[PDB]
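Asks: build me a model:
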Amino acid sequence: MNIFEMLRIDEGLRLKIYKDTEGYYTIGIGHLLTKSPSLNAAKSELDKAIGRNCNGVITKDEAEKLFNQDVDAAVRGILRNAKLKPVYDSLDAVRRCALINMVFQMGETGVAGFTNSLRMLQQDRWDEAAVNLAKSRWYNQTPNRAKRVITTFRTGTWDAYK
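Replies: Numbering: from 1, shown residues only. The protein structure is shown below:
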């Protein structure tokens, strides 16, 4: 298992514009297009992202490309984030993927607010962090995914992903 595989499992893959769990326009492998209600805005952002007139549809390769960019950007985001980097540096390989996953899903900023959990993670307090992590809107709104991520942080294994 690796980050791509994991995320691929958590985000699914769709070649047509779709609405995510929060109702926002997305495509590919969880690639957010816009928070705007306008499908036109979305089509626009999509064409700008891809570099051609897609008319709401893309190819698999195109999707994978955005995906690569997105994972790369999150890693980097992390590495540049003063609150996040240290955490990431203290974690083992598996747990690193769990952190990237969150960041991909919610943004560096959002993640950066999990102050208490992060601290616990830093200190290797697995179960404590897991409990704290579950006390969140995140958990309450997308429980299955959250559970997967949580478990991963909890155990340092890929069991939740089989």
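
Asks: can you tell me what sits against whichever strand in the chain runs longest?
Replies: In the chain, with assignment by DSSP state E, the single longest strand is strand 14-19. Taking C-beta atoms under 8 Å, 6 or more residues apart in numbering as the criterion, the residues outside strand 14-19 that touch it are 25-28, 33, 39, 42-43, 46, 56-60, 63. All C-beta spots, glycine's among them, are computed from the backbone N, C-alpha and C.

Asks: repeat that with 10 Å
Replies: Contacts with strand 14-19, where a contact means C-beta atoms under 10 Å, 6 or more residues apart in numbering, come from 12, 24-31, 33, 39, 42-43, 45-46, 54-60, 62-63.

Asks: buried stuff in it?
Replies: 14, 17 (16 or more other C-beta atoms under 10 Å).

Asks: next one: it to chain centre, how far?
Replies: Relative to its chain's centre, strand 14-19 lies at 17 Å (C-alpha atoms, centre = their mean, to the nearest Å).

Asks: contact partners of the very next helix or strand once past that strand?
Replies: Where DSSP states H and E defines the elements, the next helix or strand beyond strand 14-19 is strand 25-28. Counting by C-beta under 10 Å, 6+ apart, strand 25-28 makes contact with 11-20, 31-39, 41-43, 45-46, 49-50, 54, 56-60, 62-67, 70, all of which sit outside it.

Asks: quick one: the helices in the protein?
Replies: Here the chain has its helices, by DSSP state H, at 3-11, 39-50, 60-80, 85-90, 93-112, 115-122, 126-134, 137-141, 143-155.

Asks: adding distance to residue 162 and mean neighbour count, write the ones you listed out as JSON lines.
Replies: Shown next, in JSON lines, are the helices of the chain (distance: least, C-beta to C-beta, whole Å; neighbours: other C-beta atoms under 10 Å):
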{"stretch": "helix 3-11", "distance to residue 162": "9", "mean neighbour count": "17"}
{"stretch": "helix 39-50", "distance to residue 162": "32", "mean neighbour count": "17"}
{"stretch": "helix 60-80", "distance to residue 162": "21", "mean neighbour count": "15"}
{"stretch": "helix 85-90", "distance to residue 162": "25", "mean neighbour count": "15"}
{"stretch": "helix 93-112", "distance to residue 162": "14", "mean neighbour count": "19"}
{"stretch": "helix 115-122", "distance to residue 162": "24", "mean neighbour count": "18"}
{"stretch": "helix 126-134", "distance to residue 162": "19", "mean neighbour count": "17"}
{"stretch": "helix 137-141", "distance to residue 162": "21", "mean neighbour count": "13"}
{"stretch": "helix 143-155", "distance to residue 162": "10", "mean neighbour count": "19"}
